[PDB]
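Colleague: Before we start, here is the structure in question, set down as structure tokens.
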Amino acid sequence: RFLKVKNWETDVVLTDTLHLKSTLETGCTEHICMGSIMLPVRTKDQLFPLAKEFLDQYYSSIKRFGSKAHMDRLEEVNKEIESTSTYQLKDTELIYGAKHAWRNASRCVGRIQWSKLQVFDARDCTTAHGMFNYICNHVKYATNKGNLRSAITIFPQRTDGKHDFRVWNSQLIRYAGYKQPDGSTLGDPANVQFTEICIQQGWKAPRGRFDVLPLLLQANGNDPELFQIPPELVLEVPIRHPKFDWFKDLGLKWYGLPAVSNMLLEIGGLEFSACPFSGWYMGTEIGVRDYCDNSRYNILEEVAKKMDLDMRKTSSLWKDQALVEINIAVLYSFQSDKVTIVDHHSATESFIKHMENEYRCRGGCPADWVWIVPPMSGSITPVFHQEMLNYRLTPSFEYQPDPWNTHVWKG
Amino acid sequence: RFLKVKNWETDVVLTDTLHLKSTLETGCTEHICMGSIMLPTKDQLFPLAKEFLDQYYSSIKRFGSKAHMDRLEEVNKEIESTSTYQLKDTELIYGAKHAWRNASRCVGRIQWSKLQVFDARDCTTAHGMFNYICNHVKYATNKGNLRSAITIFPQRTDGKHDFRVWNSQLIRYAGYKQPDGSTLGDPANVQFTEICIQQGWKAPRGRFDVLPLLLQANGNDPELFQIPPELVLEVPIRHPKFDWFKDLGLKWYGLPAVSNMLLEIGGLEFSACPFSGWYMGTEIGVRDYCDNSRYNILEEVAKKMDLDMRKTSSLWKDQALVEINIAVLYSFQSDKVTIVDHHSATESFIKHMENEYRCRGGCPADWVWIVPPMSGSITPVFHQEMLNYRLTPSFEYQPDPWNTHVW
Ligand code: HEM
Ligand code: HEM
Ligand SMILES: Fc1cccc(CCNCCNc2ccnc(-n3ccnc3)n2)c1
Ligand SMILES: Fc1cccc(CCNCCNc2ccnc(-n3ccnc3)n2)c1
Ligand SMILES: C[C@H](O)[C@H](O)[C@H]1CNc2nc(N)[nH]c(=O)c2N1
Ligand SMILES: C[C@H](O)[C@H](O)[C@H]1CNc2nc(N)[nH]c(=O)c2N1
Ligand SMILES: [Zn+2]
């Protein structure tokens, strides 16, 4: 079958065939769309076809499909499966796998960069201290003194589900959140629960508004251990505004490296439960969501006051006005400090070109409109006007439950 | 099969049971989501009538009553003999209100039960249609104190005698292709305008010419009429801060009135059913004014503000956008014409969602459409999970009549 998507701004129509290669379920049916829903131990049985599907894709991509090398590899994996119940990826296959998981990530607007991913193979890691060292190296490499480089570090795959490697942090770098007795929150409200666990595990909290959280690292199914990322490796940017000199006195800053550490990487049926990855920020992630969500730092009011906007009625669009200035400040500060960042206009324009290129070369590009469109100024970016099809391809990044809900404590 | 929706900002969780009454299809499958795609006989008729009459009689607490059984009986006899049936006034009003109630893309549905329904099923000619439409416009406009209304023309019979309003909205501005290659007026309306001309309109080739109605009665050829200018309330757009803003020469009309949709009630099809509410400000300031394929004024405005337009990262587009939308709201409010900002409107929709879940078991909603085209995540709907599904009675899209019309 052929599916068409239309851009309503440009009348460009693209044709999707790639969706035929999708296996996993969306959550939607003919009778309900779950497009705006955030979230809608494996036998030898299921494993070889998954391995075979993946190796066919790998060998096609290198133009060696049907080769003796291809056939020998399938054979080797098949035997390794029923002999050992799993299998190990070659380094080349892992690298291909990680890049394609990013390529297939329907919620990521930065995928124009997918082919330039630095893959760190940490499959020889055995302990939390070992995990800490690998993650330090990832952070230093990716940060690159502000000239950010995309990277992923891949820890050993799941075996029996009882020896998982996990990074308990949702991101490698995030700020602590502290719930006060009066009900107020100091720092980042999103991280109150994780902060409390860290403290219980023995972390000494400075209890400030921007305390970098320690790493909580679980190797081989063992209880997690605490580590402090060396502060000299954590690049931060004090936030100021080009025209408003009072903006600096809000005391805002943010970290330069956005590094998701709680997802699961699936490649050929193998599951990598610890696979921290990082790119660079699109400005609105910080300026719109992190700073202005009611459930986060929630600074719209204080900013609006300092600007002396009419705050008595919403139709003054005081919130909208303050929102723009904050996002100007974030971009200004990062650029001034020579730390990589991309504005939502640049990033969405690049995504459109990426998307069209993918349609031409690959037959499609799965995309989640709900996530791709930026959280401010939606229809003045080209993605708003672009029809997209969302479907799931493997290799992929998947969500997994938070480890504190599932972990069997050793004591 | 019992679905939950979460608000990620408030942690409020609602349970949806209403989706299980959905019949029509979404375009989505288990393998592909089409949520961002804009447009994804006697035996057919009776179960549809039955489904509707059942919900109607349940709504007035007479489910299973004799009047219910009698009505079902009476409609069935009528379908068998006549091939169709006629709705009682009570059923027509109920159906129209519920079509709005079920409109998953409409953010203003908290108002659904206050809809004025004008029964125009006795209309026979295009002149009669014009009269009914002028009356709708005058009623709905109400000197700037807007009131929601729908006017319902006769239902489809054999598809050969369709009533159609050829306009997409009762009130829009003309579009002209100029020889200098550009476009004067609304680019969205070039095609329709040329049909206004081919059919006889004397176009004044301006930038904001209120288009004439092209009205089709009983399957006949469409006729032209000009809405009395005195019935078209317009608003000059000024900024409360920038005195230069008025020089742009911008204005908009007060009455948003969709006229090209199809109202389905109990299997019956009303191909001509213009309806109107009042504007949410972003419709005009973000979409009408700033879409690249519409009036596309961002650059002009940015220059008048003397912004650095060299680099996208100065967010000059974003800054101009807010001010344009400030001026729209300020202008309507100053001229005392009903308008709602996107914060108030989305806040009300969250309230409506909660009422609906509580009293009806759900509320079909299209997040892609409900979230405003600016400042999305600083409105509550961004953080609200929504389930989209199709209930009847419904408003449906239908083909533009110039493609369908056997002249
Ligand atoms: C290099 C520059 C990159 C940019 C500008 C970028 C941009 C974004 C943005 C704005 C989001 C939405 C985040 C949110 O709203 O929470 C996102 C999500 C995502 N990105 Fe990227 N990204 C980049 C790199 C990467 C890399 C290196 C990977 C993987 C190797 C990746 C995979 C993903 C995935 C899996 C998501 C979904 C995360 C979730 O569902 O919470 N991205 N990206
Ligand atoms: C009374 C105040 C109302 C408000 C504030 C309101 C708001 C809105 C908005 C903002 C949209 C999106 C429009 C667009 O982006 O093109 C919309 C769409 C829609 N509305 Fe309403 N509306 C109101 C009244 C009504 C009424 C009275 C009806 C029907 C009786 C209705 C039915 C619909 C339908 C069917 C759509 C989808 C239209 C389309 O797909 O183009 N609305 N509404
Ligand atoms: F389905 C869900 C339900 C609740 C939370 C959620 C993840 C929320 N996203 C916040 C984290 N996003 C971030 C953070 C840092 N860095 C990136 N990042 C880096 C490269 N690409 C994205 N993304 C999904
Ligand atoms: F699926 C689609 C494909 C092409 C155009 C499209 C609708 C475009 N928007 C026009 C409708 N918007 C308007 C205009 C005036 N008035 C209202 N309105 C009034 C009350 N509720 C909505 N809505 C859908
Ligand atoms: C309910 C809704 O799906 C949810 O708030 C989504 C909306 N779109 C998003 N888009 C991005 N990029 N990131 C998000 O966290 C969200 N949240
Ligand atoms: C392609 C995408 O579906 C399209 O641009 C939609 C996005 N959301 C929208 N939302 C509203 N309210 N109105 C629209 O016309 C659109 N257009
Ligand atoms: Zn869907």
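Residue numbering restarts at 1 in every chain; chains get A, B, ... in the order shown in the structure tokens, and ligands count up from 1 in that same order.
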Pull out every residue of chain A sitting within 7 Å of chain B, counting only C-alpha atoms, and send them as a PyMOL selection string.
Modeller: chain A and resi 9+22+24-37+293-295+314-317+320-321+324+328+331+343+345-346+369-370+375-380+387-391
Colleague: Set the cut-off to 7 Å, count only C-alpha atoms and all ligand atoms, and list whatever residues fall near ligand 3 as an MDAnalysis selection string.
Modeller: chainID A and resid 38:39 108 171 258:260 277:281
Colleague: Mind listing the residues within 9 Å of ligand 1, only C-alpha atoms and all ligand atoms counted, as JSON, numbers by chain?
Modeller: {"A": [38, 98, 99, 100, 101, 102, 103, 104, 105, 106, 107, 108, 109, 110, 111, 112, 113, 114, 116, 117, 118, 119, 148, 149, 150, 151, 152, 258, 259, 260, 262, 263, 265, 275, 276, 277, 278, 279, 280, 281, 282, 283, 284, 285, 289, 341, 342, 343, 344, 347, 371, 372, 374, 375, 396, 397, 398, 399]}
Colleague: Step by step, measure atom-to-atom distances between ligand 4 and each residue using only C-alpha atoms and all ligand atoms, keep those at most 7 Å, then write them as a list in words.
Modeller: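 So the residues close to ligand 4 are residues 38, 39, 106, 169, 256, 257, 258, 275, 276, 277, 278 and 279 of chain B.
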Colleague: Based on the selection just made, write N, CA and C atoms of those residues as a PDB file, in the first residue's frame.
Modeller:
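What landed in part-v3.pdb:
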```pdb
ATOM      1  N   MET B  38      -5.023  15.764   8.024  1.00  0.00           N
ATOM      2  CA  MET B  38      -6.199  16.640   8.091  1.00  0.00           C
ATOM      3  C   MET B  38      -7.488  15.932   7.685  1.00  0.00           C
ATOM      4  N   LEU B  39      -7.404  15.120   6.635  1.00  0.00           N
ATOM      5  CA  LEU B  39      -8.570  14.419   6.102  1.00  0.00           C
ATOM      6  C   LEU B  39      -8.280  12.930   5.933  1.00  0.00           C
ATOM      7  N   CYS B 106     -13.224  20.989  18.043  1.00  0.00           N
ATOM      8  CA  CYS B 106     -13.715  22.308  18.481  1.00  0.00           C
ATOM      9  C   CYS B 106     -13.380  22.555  19.942  1.00  0.00           C
ATOM     10  N   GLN B 169     -16.771  29.730   4.413  1.00  0.00           N
ATOM     11  CA  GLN B 169     -17.345  30.453   5.550  1.00  0.00           C
ATOM     12  C   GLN B 169     -18.275  31.515   4.994  1.00  0.00           C
ATOM     13  N   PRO B 256     -17.224  34.203  12.870  1.00  0.00           N
ATOM     14  CA  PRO B 256     -16.654  33.013  12.236  1.00  0.00           C
ATOM     15  C   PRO B 256     -17.751  31.994  11.967  1.00  0.00           C
ATOM     16  N   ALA B 257     -18.037  31.769  10.694  1.00  0.00           N
ATOM     17  CA  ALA B 257     -19.201  30.982  10.353  1.00  0.00           C
ATOM     18  C   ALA B 257     -18.891  29.926   9.307  1.00  0.00           C
ATOM     19  N   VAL B 258     -18.700  28.683   9.741  1.00  0.00           N
ATOM     20  CA  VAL B 258     -18.340  27.612   8.814  1.00  0.00           C
ATOM     21  C   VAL B 258     -19.540  27.176   8.002  1.00  0.00           C
ATOM     22  N   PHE B 275     -22.885  27.141  10.402  1.00  0.00           N
ATOM     23  CA  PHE B 275     -22.893  27.389  11.841  1.00  0.00           C
ATOM     24  C   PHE B 275     -21.850  28.440  12.227  1.00  0.00           C
ATOM     25  N   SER B 276     -22.058  29.098  13.368  1.00  0.00           N
ATOM     26  CA  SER B 276     -21.161  30.149  13.836  1.00  0.00           C
ATOM     27  C   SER B 276     -21.053  30.191  15.359  1.00  0.00           C
ATOM     28  N   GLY B 277     -19.874  30.593  15.847  1.00  0.00           N
ATOM     29  CA  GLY B 277     -19.652  30.845  17.262  1.00  0.00           C
ATOM     30  C   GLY B 277     -19.047  32.229  17.438  1.00  0.00           C
ATOM     31  N   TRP B 278     -17.916  32.316  18.131  1.00  0.00           N
ATOM     32  CA  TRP B 278     -17.124  33.543  18.130  1.00  0.00           C
ATOM     33  C   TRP B 278     -15.668  33.118  18.080  1.00  0.00           C
ATOM     34  N   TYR B 279     -14.784  34.035  17.713  1.00  0.00           N
ATOM     35  CA  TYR B 279     -13.375  33.689  17.490  1.00  0.00           C
ATOM     36  C   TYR B 279     -12.577  33.440  18.760  1.00  0.00           C
TER      37      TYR B 279
END
```
Colleague: For residue 301 in chain B, which of B:250, B:350, B:149, B:263 is the closest residue, counting only C-alpha atoms?
Modeller: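 Of all the options, B:250 lies closest to residue 301 in chain B.
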Colleague: Neighbours of residue 87 in chain B within 9 Å (only C-alpha atoms; same-chain residues fewer than 2 positions away dropped), as number ranges by chain?
Modeller: B: 75, 85, 89-92, 265-266, 268
Colleague: Write the residues you've just listed into a file as a PDB file, in the first residue's frame, and include C-alpha atoms for each of them.
Modeller:
```pdb
ATOM      1  CA  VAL B  75     -39.957   6.255  11.499  1.00  0.00           C
ATOM      2  CA  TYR B  85     -37.812  10.130   7.154  1.00  0.00           C
ATOM      3  CA  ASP B  89     -38.157  19.707  15.592  1.00  0.00           C
ATOM      4  CA  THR B  90     -37.091  18.409  19.001  1.00  0.00           C
ATOM      5  CA  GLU B  91     -34.913  15.752  17.329  1.00  0.00           C
ATOM      6  CA  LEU B  92     -33.379  18.226  14.902  1.00  0.00           C
ATOM      7  CA  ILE B 265     -28.215  13.162  12.209  1.00  0.00           C
ATOM      8  CA  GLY B 266     -29.852   9.735  12.434  1.00  0.00           C
ATOM      9  CA  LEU B 268     -29.945  11.919   7.464  1.00  0.00           C
TER      10      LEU B 268
END
```
Colleague: One decimal, in Å: what's the spacing between CA of residue 96 in chain A and CA of residue 366 in chain A?
Modeller: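 Computing the Euclidean distance for CA of residue 96 in chain A and CA of residue 366 in chain A yields 18.2 Å.
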Colleague: Just list as a PyMOL selection string whatever in range 336-392 of chain B DSSP marks as alpha helix (DSSP H).
Modeller: chain B and resi 342-360+367-370
Colleague: With N, CA and C atoms retained, could you export that selection as a JSON list (two decimals), in the first residue's frame?
Modeller:
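What ended up in again_35.json:
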```
[["chain", "number", "residue", "atom", "x", "y", "z"],
["B", 342, "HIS", "N", -6.59, 32.44, 23.93],
["B", 342, "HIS", "CA", -6.34, 31.00, 23.95],
["B", 342, "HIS", "C", -6.14, 30.43, 25.35],
["B", 343, "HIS", "N", -5.81, 31.28, 26.31],
["B", 343, "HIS", "CA", -5.67, 30.81, 27.69],
["B", 343, "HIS", "C", -7.04, 30.54, 28.29],
["B", 344, "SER", "N", -7.91, 31.54, 28.23],
["B", 344, "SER", "CA", -9.27, 31.39, 28.75],
["B", 344, "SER", "C", -10.02, 30.25, 28.05],
["B", 345, "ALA", "N", -9.90, 30.17, 26.73],
["B", 345, "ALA", "CA", -10.63, 29.16, 25.97],
["B", 345, "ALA", "C", -10.19, 27.73, 26.28],
["B", 346, "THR", "N", -8.89, 27.53, 26.48],
["B", 346, "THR", "CA", -8.37, 26.20, 26.78],
["B", 346, "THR", "C", -8.66, 25.80, 28.23],
["B", 347, "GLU", "N", -8.58, 26.78, 29.13],
["B", 347, "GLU", "CA", -8.98, 26.58, 30.52],
["B", 347, "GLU", "C", -10.45, 26.12, 30.58],
["B", 348, "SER", "N", -11.32, 26.76, 29.80],
["B", 348, "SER", "CA", -12.72, 26.37, 29.76],
["B", 348, "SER", "C", -12.89, 24.95, 29.20],
["B", 349, "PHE", "N", -12.09, 24.60, 28.20],
["B", 349, "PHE", "CA", -12.19, 23.28, 27.60],
["B", 349, "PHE", "C", -11.79, 22.18, 28.58],
["B", 350, "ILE", "N", -10.83, 22.47, 29.44],
["B", 350, "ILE", "CA", -10.43, 21.50, 30.46],
["B", 350, "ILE", "C", -11.59, 21.27, 31.43],
["B", 351, "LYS", "N", -12.25, 22.36, 31.83],
["B", 351, "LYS", "CA", -13.46, 22.29, 32.65],
["B", 351, "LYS", "C", -14.55, 21.47, 31.96],
["B", 352, "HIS", "N", -14.76, 21.75, 30.68],
["B", 352, "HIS", "CA", -15.73, 21.02, 29.87],
["B", 352, "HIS", "C", -15.37, 19.53, 29.79],
["B", 353, "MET", "N", -14.10, 19.24, 29.55],
["B", 353, "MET", "CA", -13.66, 17.85, 29.51],
["B", 353, "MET", "C", -14.03, 17.14, 30.81],
["B", 354, "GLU", "N", -13.75, 17.78, 31.94],
["B", 354, "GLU", "CA", -14.03, 17.17, 33.23],
["B", 354, "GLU", "C", -15.53, 16.97, 33.48],
["B", 355, "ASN", "N", -16.34, 17.95, 33.07],
["B", 355, "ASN", "CA", -17.79, 17.81, 33.16],
["B", 355, "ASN", "C", -18.25, 16.62, 32.32],
["B", 356, "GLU", "N", -17.79, 16.57, 31.08],
["B", 356, "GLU", "CA", -18.17, 15.52, 30.14],
["B", 356, "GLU", "C", -17.80, 14.13, 30.62],
["B", 357, "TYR", "N", -16.56, 13.97, 31.07],
["B", 357, "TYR", "CA", -16.12, 12.69, 31.61],
["B", 357, "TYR", "C", -17.02, 12.27, 32.76],
["B", 358, "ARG", "N", -17.42, 13.25, 33.56],
["B", 358, "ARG", "CA", -18.18, 12.99, 34.77],
["B", 358, "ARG", "C", -19.64, 12.67, 34.49],
["B", 359, "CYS", "N", -20.22, 13.36, 33.52],
["B", 359, "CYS", "CA", -21.65, 13.24, 33.25],
["B", 359, "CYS", "C", -21.95, 12.39, 32.01],
["B", 360, "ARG", "N", -20.92, 12.09, 31.22],
["B", 360, "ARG", "CA", -21.15, 11.39, 29.95],
["B", 360, "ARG", "C", -20.19, 10.24, 29.72],
["B", 367, "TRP", "N", -6.21, 16.39, 19.92],
["B", 367, "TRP", "CA", -5.17, 17.21, 20.55],
["B", 367, "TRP", "C", -4.47, 18.11, 19.53],
["B", 368, "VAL", "N", -4.24, 17.57, 18.34],
["B", 368, "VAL", "CA", -3.57, 18.28, 17.26],
["B", 368, "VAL", "C", -4.31, 19.57, 16.91],
["B", 369, "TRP", "N", -5.63, 19.54, 17.06],
["B", 369, "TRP", "CA", -6.45, 20.72, 16.76],
["B", 369, "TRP", "C", -6.77, 21.59, 17.97],
["B", 370, "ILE", "N", -6.87, 20.95, 19.14],
["B", 370, "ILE", "CA", -7.27, 21.63, 20.37],
["B", 370, "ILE", "C", -6.16, 22.51, 20.92]]
```
